[PDB]
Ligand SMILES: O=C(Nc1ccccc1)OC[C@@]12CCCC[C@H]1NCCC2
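Before any questions on binding or motion, here is one chain by itself as structure tokens, the form deposited without the named molecule.
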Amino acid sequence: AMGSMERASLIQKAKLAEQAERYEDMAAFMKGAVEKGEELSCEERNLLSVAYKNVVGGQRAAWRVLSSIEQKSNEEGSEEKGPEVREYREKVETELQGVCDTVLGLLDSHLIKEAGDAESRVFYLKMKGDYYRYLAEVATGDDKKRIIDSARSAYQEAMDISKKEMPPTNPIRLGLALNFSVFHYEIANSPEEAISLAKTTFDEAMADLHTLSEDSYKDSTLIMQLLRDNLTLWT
């Protein structure tokens, strides 16, 4: 994609699109940058992730609105409205699945296999877990279980690497644990695993804060607060 545009120009325009809150453009620019075939820097990985998280975030919010309207229409005493609500929910659902498939395709061809450093490999595997989790949110057929296991497997490999190779306060390690705990609670029907993971992650980060500079302390404590916010909701 965007084959005639320079890699550096794609990156520059992705940053401009973020400033303009044009996240579909931002995602298309970063997709083009990935397809240039070179590995991504730390900043470039963040741009890719921010772009697609915004795009699929809007799709997920729309899908939830429509799914809620659809569920109310199928209750007792509800007046038959026709196929329109289901049809439009299906349209949004198919578009969302297409975006998730696109991101998973970028990770599989060939971001993950070329990611040798812990920071890059864990980042991409966390992404892989996230986008399978988004597929799992809308899955209802013969592959919901397989999609869930694909998310779990990606998150688990990222966790294993992050525990071996990163300090407990590393923001990617913390965000990975946060999202894996959300996976356990919301997708895998394992709230106790979710709570245990969030607690252990928070406590081990707390004990490592003394090693950090003022700026790194700010980065880590921000994500620790998100873990605490979930624990407050779950307990």
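All residue numbers are counted from 1 along the displayed sequence.
Below: the form deposited with the named molecule bound, not depicted.
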- Would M206 sit within 4.5 Å of the named molecule in the entry with it bound, counting heavy atoms only? yes
- Task: Please check if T221 has a heavy atom lying within 4.5 Å of any heavy atom of the named molecule in the entry with it bound.
- Result: yes
- Query: How about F202: is it within 4.5 Å of the named molecule in the entry with it bound, going by heavy atoms?
  - Reply: yes
